[PDB]
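Reading through the structure tokens given below for one structure.
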Amino acid sequence: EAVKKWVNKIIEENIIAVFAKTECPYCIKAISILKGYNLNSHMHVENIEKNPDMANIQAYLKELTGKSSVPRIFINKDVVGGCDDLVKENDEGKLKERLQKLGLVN
């Protein structure tokens with residue numbers, strides 16, 4: 001209960017929520033792409049490896065998204081997925097569309 005509530009608060013209180021771990025190249029890439037849209041003000045990155053309940057968090061993220069790996073990316077509570085999912089959305093115009101509907105990019 002506590003772990004799920006804590007994860008939910010991160011997803012619900014931040015338009016862009018990224019779950020990451022230490023020294024994770026695809027986390028770093030995903031975060032950099034998002035900051036490239038000047039989303040910093042509405043982004044939260046949580047390092048779930050630096051947490052006593054990493055496994056519980058990963059299991060919950062899999063319940064929500066289908067995968068336990070990081071990065072795990074949510075935008076306005078919608079599941080984007082991982083860095084590869086973000087790259088596909090970015091290249092195909094879907095990411096910009098998401099952000100426009102949220103007023104985050106013109």
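Residue indices begin at 1 and follow the sequence shown.
Taking each heavy atom of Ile11 and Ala17 in turn, the nearest pair found is CA-CB, 4.0 Å. For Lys67 against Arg72, the heavy-atom pair with the smallest separation is O-CD, 3.5 Å. Here the closest non-hydrogen pair linking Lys21 and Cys27 is N-SG, 3.7 Å. Nearest heavy-atom pair across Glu49 and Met54 is CA-SD, 3.7 Å. Nearest heavy-atom pair, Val80 versus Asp85, reported as atom, atom and distance to 0.1 Å: O-CB, 3.2 Å. In terms of heavy atoms, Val70 sits closest to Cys24 at O-SG, 4.0 Å.
The distance from atom CD1 of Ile48 to atom CH2 of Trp6, rounded to the nearest 0.5 Å, is 7.5 Å. Rounding to the nearest 0.5 angstrom, the gap separating the NZ atom in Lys88 from the CG atom in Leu95 is 13.0 Å. Here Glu12 contributes atom CD and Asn76 contributes atom CG; the two are 10.5 Å apart, rounded to the nearest 0.5 Å. Note: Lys94 NZ to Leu99 CG = 11.0 Å, rounded to the nearest 0.5 Å. Here CD1 of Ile16 is found 9.0 Å from CZ of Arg98. Values are rounded to the nearest 0.5 Å. Atom CD1 of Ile15 and atom CG of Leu104 lie 5.0 Å apart (nearest 0.5 Å).
The number of heavy atoms from other shown groups lying within 6.0 Å of OH (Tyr26) does not exceed 12.
If you chain together hydrophobic residues whose side chains sit under 4.5 Å apart, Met43 and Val105 fall into the same group. Clustering ILVMFWY residues whenever any of their side-chain heavy atoms sit less than 4.5 angstrom apart, transitively, puts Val3 in the very cluster that holds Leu64.
Checked by atom type and distance alone, the side chain of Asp53 never pairs as donor or acceptor with a backbone atom of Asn56 at under 3.5 Å.
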Apply the test side-chain contact (heavy atoms from CB on, under 4.5 Å) to residues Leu86 and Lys29: give CA-CA distance (whole Å), side-chain angles for both, the deciding distance (0.1 Å), then the verdict. CA-CA 10 Å; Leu86 184 72; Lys29 182 186 178 84; over 6 Å; no

Evaluation steps, side-chain contact (heavy atoms from CB on, under 4.5 Å), between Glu63 and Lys4: CA-CA 10 Å; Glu63 293 176 8; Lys4 290 191 175 181; 3.0 Å; yes

Does the pair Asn14 and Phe74 meet the rule for a side-chain contact (heavy atoms from CB on, under 4.5 Å), with working shown? CA-CA 9 Å; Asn14 302 284; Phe74 301 80; over 6 Å; no

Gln100 vs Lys96, side-chain contact (heavy atoms from CB on, under 4.5 Å): CA-CA, chis, key distance, verdict: CA-CA 6 Å; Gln100 287 177 327; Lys96 184 173 186 140; 3.6 Å; yes

